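Text of the file entry_27.pdb, holding PDB, C-alpha atoms:
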ATOM      1  CA  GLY A 151     -49.853 147.753 346.194  1.00  0.00           C
ATOM      2  CA  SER A 152     -48.912 144.217 347.264  1.00  0.00           C
ATOM      3  CA  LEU A 153     -46.475 142.630 349.712  1.00  0.00           C
ATOM      4  CA  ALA A 154     -42.824 141.754 349.251  1.00  0.00           C
ATOM      5  CA  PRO A 155     -42.128 138.317 347.746  1.00  0.00           C
ATOM      6  CA  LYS A 156     -40.517 135.361 349.461  1.00  0.00           C
ATOM      7  CA  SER A 157     -36.754 134.922 349.345  1.00  0.00           C
ATOM      8  CA  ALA A 158     -34.673 132.153 347.799  1.00  0.00           C
ATOM      9  CA  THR A 159     -30.983 131.318 347.534  1.00  0.00           C
ATOM     10  CA  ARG A 160     -28.535 128.611 346.492  1.00  0.00           C
ATOM     11  CA  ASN A 161     -25.166 127.104 347.427  1.00  0.00           C
ATOM     12  CA  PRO A 162     -21.886 126.455 345.593  1.00  0.00           C
ATOM     13  CA  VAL A 163     -20.559 123.078 344.476  1.00  0.00           C
ATOM     14  CA  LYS A 164     -17.610 121.365 346.155  1.00  0.00           C
ATOM     15  CA  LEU A 165     -14.793 119.584 344.318  1.00  0.00           C
ATOM     16  CA  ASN A 166     -11.862 117.606 345.683  1.00  0.00           C
ATOM     17  CA  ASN A 167      -8.873 115.458 344.764  1.00  0.00           C
ATOM     18  CA  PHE A 168      -6.276 113.239 346.436  1.00  0.00           C
ATOM     19  CA  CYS A 169      -2.491 112.989 346.552  1.00  0.00           C
ATOM     20  CA  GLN A 170      -0.614 109.942 345.264  1.00  0.00           C
ATOM     21  CA  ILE A 171       2.736 108.449 346.293  1.00  0.00           C
ATOM     22  CA  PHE A 172       5.295 107.667 343.577  1.00  0.00           C
ATOM     23  CA  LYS A 173       8.342 105.407 343.913  1.00  0.00           C
ATOM     24  CA  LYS A 174      11.062 104.225 341.524  1.00  0.00           C
ATOM     25  CA  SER A 175      14.031 102.085 342.539  1.00  0.00           C
ATOM     26  CA  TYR A 176      17.376 100.848 341.217  1.00  0.00           C
ATOM     27  CA  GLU A 177      19.645  98.026 342.366  1.00  0.00           C
ATOM     28  CA  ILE A 178      23.097  96.598 341.636  1.00  0.00           C
ATOM     29  CA  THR A 179      25.373  94.027 343.248  1.00  0.00           C
ATOM     30  CA  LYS A 180      28.610  95.212 344.822  1.00  0.00           C
ATOM     31  CA  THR A 181      30.640  92.886 342.596  1.00  0.00           C
ATOM     32  CA  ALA A 182      29.116  94.341 339.428  1.00  0.00           C
ATOM     33  CA  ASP A 183      29.833  97.829 340.768  1.00  0.00           C
ATOM     34  CA  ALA A 184      33.544  97.040 341.094  1.00  0.00           C
ATOM     35  CA  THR A 185      33.673  95.230 337.745  1.00  0.00           C
ATOM     36  CA  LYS A 186      34.858  97.488 334.936  1.00  0.00           C
ATOM     37  CA  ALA A 187      32.830  97.165 331.743  1.00  0.00           C
ATOM     38  CA  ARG A 188      32.433  98.918 328.430  1.00  0.00           C
ATOM     39  CA  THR A 189      29.524 101.362 328.038  1.00  0.00           C
ATOM     40  CA  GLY A 190      30.579 102.972 331.325  1.00  0.00           C
ATOM     41  CA  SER A 191      29.452 102.356 334.870  1.00  0.00           C
ATOM     42  CA  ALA A 192      26.180 100.472 335.205  1.00  0.00           C
ATOM     43  CA  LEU A 193      24.991 102.405 338.266  1.00  0.00           C
ATOM     44  CA  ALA A 194      24.909 105.777 336.492  1.00  0.00           C
ATOM     45  CA  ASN A 195      23.107 104.378 333.444  1.00  0.00           C
ATOM     46  CA  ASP A 196      20.545 102.682 335.680  1.00  0.00           C
ATOM     47  CA  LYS A 197      19.987 105.949 337.541  1.00  0.00           C
ATOM     48  CA  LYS A 198      19.437 107.772 334.249  1.00  0.00           C
ATOM     49  CA  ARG A 199      16.941 105.181 333.004  1.00  0.00           C
ATOM     50  CA  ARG A 200      14.951 105.036 336.239  1.00  0.00           C
TER      51      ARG A 200
ATOM     52  CA  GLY B 151     -61.863 176.598 282.959  1.00  0.00           C
ATOM     53  CA  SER B 152     -62.901 173.922 285.455  1.00  0.00           C
ATOM     54  CA  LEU B 153     -63.763 174.029 289.142  1.00  0.00           C
ATOM     55  CA  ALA B 154     -61.423 173.026 291.952  1.00  0.00           C
ATOM     56  CA  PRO B 155     -61.462 169.352 292.988  1.00  0.00           C
ATOM     57  CA  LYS B 156     -62.913 167.780 296.101  1.00  0.00           C
ATOM     58  CA  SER B 157     -60.463 167.062 298.920  1.00  0.00           C
ATOM     59  CA  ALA B 158     -59.531 164.068 301.072  1.00  0.00           C
ATOM     60  CA  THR B 159     -57.349 163.372 304.101  1.00  0.00           C
ATOM     61  CA  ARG B 160     -56.237 160.673 306.550  1.00  0.00           C
ATOM     62  CA  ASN B 161     -55.139 160.014 310.132  1.00  0.00           C
ATOM     63  CA  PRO B 162     -52.114 158.593 311.978  1.00  0.00           C
ATOM     64  CA  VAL B 163     -51.957 155.325 313.904  1.00  0.00           C
ATOM     65  CA  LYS B 164     -51.639 154.930 317.664  1.00  0.00           C
ATOM     66  CA  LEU B 165     -49.488 152.651 319.815  1.00  0.00           C
ATOM     67  CA  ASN B 166     -49.281 152.110 323.565  1.00  0.00           C
ATOM     68  CA  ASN B 167     -47.544 150.100 326.280  1.00  0.00           C
ATOM     69  CA  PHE B 168     -47.719 149.402 330.015  1.00  0.00           C
ATOM     70  CA  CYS B 169     -45.416 149.486 333.033  1.00  0.00           C
ATOM     71  CA  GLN B 170     -44.426 146.442 335.085  1.00  0.00           C
ATOM     72  CA  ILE B 171     -43.361 145.973 338.715  1.00  0.00           C
ATOM     73  CA  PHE B 172     -40.265 143.928 339.606  1.00  0.00           C
ATOM     74  CA  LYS B 173     -39.181 142.644 343.037  1.00  0.00           C
ATOM     75  CA  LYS B 174     -36.449 140.344 344.358  1.00  0.00           C
ATOM     76  CA  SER B 175     -35.652 139.732 348.026  1.00  0.00           C
ATOM     77  CA  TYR B 176     -33.149 138.055 350.343  1.00  0.00           C
ATOM     78  CA  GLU B 177     -33.366 136.989 353.988  1.00  0.00           C
ATOM     79  CA  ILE B 178     -31.090 135.592 356.707  1.00  0.00           C
ATOM     80  CA  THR B 179     -31.187 135.028 360.462  1.00  0.00           C
ATOM     81  CA  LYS B 180     -29.046 137.223 362.689  1.00  0.00           C
ATOM     82  CA  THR B 181     -27.440 134.108 364.164  1.00  0.00           C
ATOM     83  CA  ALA B 182     -26.280 132.905 360.746  1.00  0.00           C
ATOM     84  CA  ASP B 183     -25.231 136.473 359.959  1.00  0.00           C
ATOM     85  CA  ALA B 184     -22.720 136.482 362.834  1.00  0.00           C
ATOM     86  CA  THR B 185     -21.354 132.996 362.074  1.00  0.00           C
ATOM     87  CA  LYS B 186     -18.064 132.304 360.285  1.00  0.00           C
ATOM     88  CA  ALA B 187     -18.069 130.397 356.998  1.00  0.00           C
ATOM     89  CA  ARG B 188     -15.246 129.220 354.760  1.00  0.00           C
ATOM     90  CA  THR B 189     -17.059 130.455 351.650  1.00  0.00           C
ATOM     91  CA  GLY B 190     -17.398 133.949 353.141  1.00  0.00           C
ATOM     92  CA  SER B 191     -20.195 136.104 354.470  1.00  0.00           C
ATOM     93  CA  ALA B 192     -23.557 134.650 353.478  1.00  0.00           C
ATOM     94  CA  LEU B 193     -25.354 138.008 353.353  1.00  0.00           C
ATOM     95  CA  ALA B 194     -23.012 139.481 350.734  1.00  0.00           C
ATOM     96  CA  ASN B 195     -23.166 136.427 348.471  1.00  0.00           C
ATOM     97  CA  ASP B 196     -26.961 136.368 348.672  1.00  0.00           C
ATOM     98  CA  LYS B 197     -27.135 140.050 347.749  1.00  0.00           C
ATOM     99  CA  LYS B 198     -24.849 139.409 344.766  1.00  0.00           C
ATOM    100  CA  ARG B 199     -26.984 136.496 343.556  1.00  0.00           C
ATOM    101  CA  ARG B 200     -30.238 138.420 343.918  1.00  0.00           C
TER     102      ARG B 200
END

Show the structure stored in the file as structure tokens.
Amino acid sequence: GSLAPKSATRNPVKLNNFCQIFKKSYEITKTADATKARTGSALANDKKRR
Amino acid sequence: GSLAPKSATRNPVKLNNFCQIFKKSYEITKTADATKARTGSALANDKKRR
């Protein structure tokens, strides 16, 4: 024959993260582009590697 | 040609237990009840927790 008890409660936990910028670059001189060499064109191989 | 023997007996054992009273409660203001929250309605979450 007593009274009702006191109430209690809790809260969730917050989590977060960030976004990151990525960059990769390739470069070739115009003379080397026109120059014909074995192992194919240098620009395409550089693009593949990068 | 002998008489009947004297008798003997015994009794069981008794066990008992009690009853307990359990109470949990929740409470919220009517202002916070009508407010918008990203995590959802506070009353429903509190009822779930309790």

Which chain B residues are at most 7 Å from chain A (counting only C-alpha atoms), as a ChimeraX atom specification?
/B:174-177,196

Report chain A as a compact mmCIF listing (two decimals) with C-alpha atoms, in the frame of the given file in the frame of chain B, after least-squares superposition over all C-alpha atoms paired in order.
# COMPACT_ATOMS: atom_id res chain seq x y z
CA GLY A 151 -62.37 174.82 282.56
CA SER A 152 -63.85 172.77 285.41
CA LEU A 153 -64.27 173.17 289.16
CA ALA A 154 -61.86 172.36 291.96
CA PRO A 155 -61.96 168.77 293.25
CA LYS A 156 -63.11 167.61 296.66
CA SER A 157 -60.63 167.37 299.51
CA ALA A 158 -59.47 164.34 301.48
CA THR A 159 -57.12 163.69 304.39
CA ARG A 160 -55.98 161.04 306.85
CA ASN A 161 -54.84 160.60 310.46
CA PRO A 162 -51.78 159.10 312.17
CA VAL A 163 -51.65 155.83 314.09
CA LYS A 164 -51.32 155.67 317.87
CA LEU A 165 -49.06 153.27 319.77
CA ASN A 166 -48.68 152.71 323.50
CA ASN A 167 -46.99 150.60 326.16
CA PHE A 168 -47.12 150.03 329.92
CA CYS A 169 -44.69 150.08 332.83
CA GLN A 170 -43.93 146.98 334.90
CA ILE A 171 -42.86 146.61 338.54
CA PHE A 172 -39.84 144.43 339.33
CA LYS A 173 -38.89 143.01 342.74
CA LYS A 174 -36.12 140.73 344.00
CA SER A 175 -35.58 139.83 347.65
CA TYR A 176 -33.02 138.19 349.95
CA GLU A 177 -33.33 136.81 353.47
CA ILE A 178 -31.13 135.40 356.24
CA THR A 179 -31.59 134.50 359.89
CA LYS A 180 -29.77 136.55 362.51
CA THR A 181 -28.06 133.44 363.88
CA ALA A 182 -26.64 132.54 360.47
CA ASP A 183 -25.44 136.13 360.09
CA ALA A 184 -23.41 135.89 363.30
CA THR A 185 -22.13 132.39 362.48
CA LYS A 186 -18.71 132.46 360.84
CA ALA A 187 -18.38 130.13 357.87
CA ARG A 188 -15.97 129.42 355.06
CA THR A 189 -16.71 130.95 351.64
CA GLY A 190 -17.22 134.30 353.37
CA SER A 191 -20.33 135.97 354.68
CA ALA A 192 -23.59 134.56 353.35
CA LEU A 193 -25.37 137.92 353.20
CA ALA A 194 -22.96 139.45 350.68
CA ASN A 195 -23.01 136.37 348.44
CA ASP A 196 -26.81 136.32 348.52
CA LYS A 197 -26.90 140.01 347.59
CA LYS A 198 -24.57 139.35 344.65
CA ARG A 199 -26.67 136.44 343.39
CA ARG A 200 -30.00 138.25 343.70

Quick one, how far is CA of residue 169 in chain B from CA of residue 197 in chain B?
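These two atoms are separated by 25.3 Å.
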
Separation of CA of residue 199 in chain A from CA of residue 187 in chain A, in Å and rounded to one decimal:
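Answer for the CA of residue 199 in chain A to CA of residue 187 in chain A separation: 17.8 Å.
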
Can you measure CA of residue 183 in chain B to CA of residue 165 in chain A for me? One decimal in Å is fine.
25.3 Å

Hey, can I get the axis-aligned box for range 180-188 of chain A? All listed atoms, 8 Å padding on each side, centre and edge lengths in Å to one decimal, as JSON.
{"center_x": 31.7, "center_y": 95.9, "center_z": 336.6, "size_x": 22.2, "size_y": 22.0, "size_z": 32.4}

Would you mind putting back N, CA, C and O atoms on range 178-189 of chain B, then writing it out as a PDB file, keeping the file's coordinate frame?
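Final output, saved to result-v4.pdb:
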ATOM      1  N   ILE B 178     -32.024 136.382 355.913  1.00  0.00           N
ATOM      2  CA  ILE B 178     -31.090 135.592 356.707  1.00  0.00           C
ATOM      3  C   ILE B 178     -31.327 135.874 358.186  1.00  0.00           C
ATOM      4  O   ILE B 178     -31.739 136.971 358.569  1.00  0.00           O
ATOM      5  N   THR B 179     -31.082 134.866 359.019  1.00  0.00           N
ATOM      6  CA  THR B 179     -31.187 135.028 360.462  1.00  0.00           C
ATOM      7  C   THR B 179     -29.967 135.761 361.004  1.00  0.00           C
ATOM      8  O   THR B 179     -28.873 135.686 360.440  1.00  0.00           O
ATOM      9  N   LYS B 180     -30.161 136.482 362.111  1.00  0.00           N
ATOM     10  CA  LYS B 180     -29.046 137.223 362.689  1.00  0.00           C
ATOM     11  C   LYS B 180     -28.017 136.296 363.320  1.00  0.00           C
ATOM     12  O   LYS B 180     -26.857 136.685 363.484  1.00  0.00           O
ATOM     13  N   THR B 181     -28.419 135.082 363.695  1.00  0.00           N
ATOM     14  CA  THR B 181     -27.440 134.108 364.164  1.00  0.00           C
ATOM     15  C   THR B 181     -26.524 133.669 363.030  1.00  0.00           C
ATOM     16  O   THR B 181     -25.297 133.663 363.181  1.00  0.00           O
ATOM     17  N   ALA B 182     -27.099 133.306 361.884  1.00  0.00           N
ATOM     18  CA  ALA B 182     -26.280 132.905 360.746  1.00  0.00           C
ATOM     19  C   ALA B 182     -25.492 134.076 360.185  1.00  0.00           C
ATOM     20  O   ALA B 182     -24.452 133.878 359.550  1.00  0.00           O
ATOM     21  N   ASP B 183     -25.970 135.299 360.403  1.00  0.00           N
ATOM     22  CA  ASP B 183     -25.231 136.473 359.959  1.00  0.00           C
ATOM     23  C   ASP B 183     -23.923 136.639 360.719  1.00  0.00           C
ATOM     24  O   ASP B 183     -22.925 137.077 360.140  1.00  0.00           O
ATOM     25  N   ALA B 184     -23.904 136.306 362.007  1.00  0.00           N
ATOM     26  CA  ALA B 184     -22.720 136.482 362.834  1.00  0.00           C
ATOM     27  C   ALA B 184     -21.809 135.261 362.847  1.00  0.00           C
ATOM     28  O   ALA B 184     -20.791 135.278 363.544  1.00  0.00           O
ATOM     29  N   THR B 185     -22.144 134.215 362.101  1.00  0.00           N
ATOM     30  CA  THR B 185     -21.354 132.996 362.074  1.00  0.00           C
ATOM     31  C   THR B 185     -20.269 133.089 361.002  1.00  0.00           C
ATOM     32  O   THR B 185     -20.398 133.815 360.013  1.00  0.00           O
ATOM     33  N   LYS B 186     -19.187 132.345 361.211  1.00  0.00           N
ATOM     34  CA  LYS B 186     -18.064 132.304 360.285  1.00  0.00           C
ATOM     35  C   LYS B 186     -18.278 131.167 359.297  1.00  0.00           C
ATOM     36  O   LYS B 186     -18.703 130.075 359.681  1.00  0.00           O
ATOM     37  N   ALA B 187     -17.987 131.423 358.025  1.00  0.00           N
ATOM     38  CA  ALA B 187     -18.069 130.397 356.998  1.00  0.00           C
ATOM     39  C   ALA B 187     -16.831 130.449 356.118  1.00  0.00           C
ATOM     40  O   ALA B 187     -16.272 131.520 355.872  1.00  0.00           O
ATOM     41  N   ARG B 188     -16.408 129.277 355.641  1.00  0.00           N
ATOM     42  CA  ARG B 188     -15.246 129.220 354.760  1.00  0.00           C
ATOM     43  C   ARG B 188     -15.512 129.950 353.453  1.00  0.00           C
ATOM     44  O   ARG B 188     -14.620 130.609 352.909  1.00  0.00           O
ATOM     45  N   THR B 189     -16.733 129.839 352.929  1.00  0.00           N
ATOM     46  CA  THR B 189     -17.059 130.455 351.650  1.00  0.00           C
ATOM     47  C   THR B 189     -17.247 131.962 351.748  1.00  0.00           C
ATOM     48  O   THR B 189     -17.379 132.621 350.715  1.00  0.00           O
TER      49      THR B 189
END
